[PDB]
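Novice: One structure, as structure tokens, below. Some questions next.
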There are 4 protein chains.
Amino acid sequence: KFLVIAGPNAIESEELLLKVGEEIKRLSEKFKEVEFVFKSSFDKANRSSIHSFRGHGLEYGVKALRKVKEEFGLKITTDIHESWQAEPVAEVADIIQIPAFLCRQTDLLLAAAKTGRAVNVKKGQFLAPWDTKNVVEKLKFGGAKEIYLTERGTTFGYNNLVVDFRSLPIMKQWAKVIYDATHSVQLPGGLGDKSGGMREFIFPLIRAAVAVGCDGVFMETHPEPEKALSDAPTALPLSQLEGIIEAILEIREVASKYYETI
Amino acid sequence: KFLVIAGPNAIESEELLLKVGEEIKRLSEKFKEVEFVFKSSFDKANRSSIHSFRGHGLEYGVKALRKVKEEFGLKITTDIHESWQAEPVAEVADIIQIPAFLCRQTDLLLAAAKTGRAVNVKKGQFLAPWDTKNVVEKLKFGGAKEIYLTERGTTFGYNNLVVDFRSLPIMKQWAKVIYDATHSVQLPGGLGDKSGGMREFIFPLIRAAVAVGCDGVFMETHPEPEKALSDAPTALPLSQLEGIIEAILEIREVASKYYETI
Amino acid sequence: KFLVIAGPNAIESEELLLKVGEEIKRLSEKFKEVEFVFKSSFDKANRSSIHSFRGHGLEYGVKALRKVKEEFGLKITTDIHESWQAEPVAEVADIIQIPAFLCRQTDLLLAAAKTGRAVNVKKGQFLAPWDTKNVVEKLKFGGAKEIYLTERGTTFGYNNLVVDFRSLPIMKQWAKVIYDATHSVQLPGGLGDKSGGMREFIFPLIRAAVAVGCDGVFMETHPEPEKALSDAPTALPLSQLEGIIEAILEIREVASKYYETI
Amino acid sequence: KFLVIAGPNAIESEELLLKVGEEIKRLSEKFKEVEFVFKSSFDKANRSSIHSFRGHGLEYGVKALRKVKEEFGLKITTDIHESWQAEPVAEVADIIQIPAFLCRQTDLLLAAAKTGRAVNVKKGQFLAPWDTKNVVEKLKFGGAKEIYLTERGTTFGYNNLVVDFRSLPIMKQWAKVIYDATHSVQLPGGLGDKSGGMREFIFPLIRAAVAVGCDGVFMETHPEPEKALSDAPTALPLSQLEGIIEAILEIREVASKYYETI
């Protein structure tokens, strides 16, 4: 079934995770045909400014994710930044996510693929579609079986990303494909010491992703994006989450008939 | 009323135009909810090589297009390359097309608008979406009342183009928007003394366009794409047009309600 | 001898031309080992806005340029935008300049080549260095003997240009190469209905161009840059020309030894 | 005191570091006004293919490097990929190198800075010149005193990089700037399983860098580049290292009297 990865960008507090996990859970019950996964980073190890919010550490984070997984019975996914976090994080994460900038760090991929968990690699802003093939080969070598590749934009000039949708069918040749609807529209370092974004384009490109054909969508949400401690201009409101989900399912029903073979 | 602009890239002969027109006429009768416009260039004025096919002249081209209009009752569109061509072309063209490399040539835009005919400007590979606002302003200054802006890709590195679908909603603010499904996947000068392309991406990107939201699609076609005298690697088999059109209408039907208001 | 093409961007008035020509003449007398060419456009046919300054017509311009040539004995270059302008322009222009957006327009190149004059083609912002071979081929076919290709930046994301200095040795294989120091640092439609620019990068990049190896430098100048009716954010103050020319001659002198052959 | 960072791409064999360190030593004796620093990676932690050469371990590397430093009395630099490697590597490395893909990894930067050693950050292929200011701020916050920023190209379309020389004067505002002459001409994933490159542009782009103005150059060398275990198509022949160094010194001597003031 279609995959939908949602949740706040960062674990600002397990209280937030629970509030969001609540809505996701509800949606999990309304759309039984969709496989939901709660997502949230315990640490923003790559902020532009040393002064920006990062998180409360792996311990706190893993705990919060457990709470959500136990209280709502939802699958969990979070990203690791160094080889040593794979094993410990793999205790709660159903899917281990590999950060975009780190999509080529061999040891990080192997460590994630040794936990037996599923691994979702964010396609680097510097990588070409056909280049993700080796990324999958590394994971396969590392013992991974459930592998995902996530489209999240490509470097287009300075402080700007463009989504080359030709990547969806190209990467589908060797791995399940996910489209990152929130980071694809962000503007790297667009705010001096922060990365801005253009929310007005999140939904439109999501509709495009589904029409083209992907195995799932990735989208970060938050009660009040304006108050988000990370990626505020790209965080999608919780109240809009349901409507958008209904849209992708409808579009997916009509378009699936036309998706090309692998 | 969705617009479908289709036809052979160039006027290889009056015979080729009548063969493609017969099909477009069939399609116009089958899909009465779609507005069809037959397209074909009387001159490829911007070929990479001095040895490539250009055409049989304006007089011959205008005559061939009038035959199509008279015989099948179809609307006509063709592109101009120098100001003096606007008037004679207007005798038969319902829509005057302005080439991508020339989207900033003031006199050409003005001459086209002065004819009283609708004008469709191919957005230059060097132009940002917001830069098209001045393009529309020039046309209105020139007296144009019906104006279109066509997305046909942007320069991405050498010999490659990317389609930034954020441009559709942006350009929709000042004019009707068309998606050029054939040129958007072409590879500029990719074949040495000629250009290339990737036909496999044509359909999927078209699905993206209608899902995002546009007022029409531009698709070039040929009975035998392989033998086309220009843009061969991009011409769509004439028999595949029907299925494509059906798909766009189905996708547009479900996606239309999600179209964000400008 | 090294080529220095300089002058005010547009023929704002003959007073302006004469004031600039006076300094170029003085520079001509001081730097005998340099071939200076006075440049000025009789019409800005590609402005972003219908409201921007274009010029006072071809006739006024050819006369203003003839005045410069007669009063100062300087060679002349100016650009044409449509085929019919080549002949009248050739009456005074020693070098006919072909605009960047129009570098692929066969008829414009052929018309320029037909005059017997030298032809300088600005490399399109959408063109790859290797694709300029075909441009030279058209010109030669049309009878041109003295051919120049000018580097003026390539599209890099929106509203930005980057200079790929790899283009200098590549294009040198088939033509003499000129480095456009002013337009290479401009920012396409940066200030809305006008192009921006960063004058602080003009000199540094000119140094790079001569170190890599080229046959000349194209640089615009104005008595009061900020008051220029065209390309304001890029013209160099007249008083700065001397210092810059000295530097290029000195850098060239030491680097020429290392220029790669053929 | 111009800085020259040269050496083999990776620690392939002791005999390699010796044959190169020997030449680098001889050169350091010939050009006393230049500060040479021996460089070589003890591990290629981000190769495209899991089947490509990586190294012989951190131990074998730190050891082989100390051999170079003790035997030839040459400063050393190598890059780290994970936090923990900071402390151990710093016991031999005068300058800790931060990989291009990792220039945003806060903890990695903070770790190299705590060691007290000098830090050189390769600018990410996805980073804009002005984005480096936050990088320097992080390092200073971590205790770094001697900080370098290295230009190594920017993503330009797929499988290609371009060097935007405007970056040199831009990064010089907050740190010393180094120009990576070898990786800047490499073609990412250009050969599918491995990256490509165009060695013919190495020298010319080096001349540009010094003409523009930088504090040093980074050059990878090998006795027989074609036989290199990594970056074979970009490594510079060892025997050419001398001619190149002389050339940049001559160009620097003349161009330096024109460097702008930061």
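Labels for the structure tokens follow display order: chains A, B, ..., residues from 1 in each chain, ligands from 1.
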Could you list, as a PDB file with N, CA, C and O atoms, in the first residue's frame, every residue of chain B that has an atom within 8 Å of an atom of chain D, counting only C-alpha atoms?
Specialist:
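That gives us result_10.pdb:
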ATOM      1  N   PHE B 156      19.586  23.624 -17.356  1.00  0.00           N
ATOM      2  CA  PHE B 156      20.103  22.910 -16.190  1.00  0.00           C
ATOM      3  C   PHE B 156      21.458  22.286 -16.572  1.00  0.00           C
ATOM      4  O   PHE B 156      21.516  21.170 -17.076  1.00  0.00           O
ATOM      5  N   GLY B 157      22.546  23.005 -16.325  1.00  0.00           N
ATOM      6  CA  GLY B 157      23.846  22.490 -16.718  1.00  0.00           C
ATOM      7  C   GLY B 157      23.906  22.554 -18.239  1.00  0.00           C
ATOM      8  O   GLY B 157      23.108  23.261 -18.863  1.00  0.00           O
ATOM      9  N   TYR B 158      24.826  21.821 -18.850  1.00  0.00           N
ATOM     10  CA  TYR B 158      24.938  21.842 -20.303  1.00  0.00           C
ATOM     11  C   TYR B 158      24.141  20.720 -20.957  1.00  0.00           C
ATOM     12  O   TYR B 158      24.092  19.607 -20.446  1.00  0.00           O
ATOM     13  N   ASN B 160      20.959  20.045 -21.205  1.00  0.00           N
ATOM     14  CA  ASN B 160      19.903  19.433 -20.418  1.00  0.00           C
ATOM     15  C   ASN B 160      18.931  20.501 -19.949  1.00  0.00           C
ATOM     16  O   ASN B 160      19.296  21.661 -19.763  1.00  0.00           O
TER      17      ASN B 160
END
Novice: So that I can see what lies close to region 23-38 of chain B, please list as JSON, numbers by chain the residues with an atom at most 9 Å from it, counting only C-alpha atoms and leaving out residues fewer than 4 positions away in the same chain.
Specialist: {"B": [1, 2, 3, 4, 5, 6, 7, 8, 18, 19, 65, 68, 69, 72, 73, 74, 75, 76, 77, 78, 94, 95, 216, 238, 239, 241, 242, 245, 246, 249]}
Novice: Give the answer as one residue: which of D:105, D:79, D:53, D:201 has the shortest atom-to-atom distance to residue 213 (chain C), using only C-alpha atoms?
Specialist: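 That would be D:201, the residue with the smallest distance to residue 213 (chain C).
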Novice: Rank nothing, just name the residue among C:142, C:225, C:55, C:129 nearest to residue 106 (chain C), using only C-alpha atoms.
Specialist: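 Distance minimum relative to residue 106 (chain C) lands on C:142.
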Novice: Skipping near chain neighbours, those fewer than 6 positions away, what residues fall within 12 Å of residue 130 (chain C) using only C-alpha atoms, listed as an NGL selection string?
Specialist: (:B and (48 or 158-159 or 188-193)) or (:C and (123 or 136 or 149 or 166-175))
Novice: DSSP on the backbone: what in region 2-123 of chain B comes out strand (DSSP E), as number ranges by chain?
Specialist: B: 3-7, 35-39, 75-79, 95-98, 118-122
Novice: Could you state the separation of CA of residue 181 (chain D) and CA of residue 214 (chain C) in Å, given to one decimal place?
Specialist: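 These two atoms are separated by 20.0 Å.
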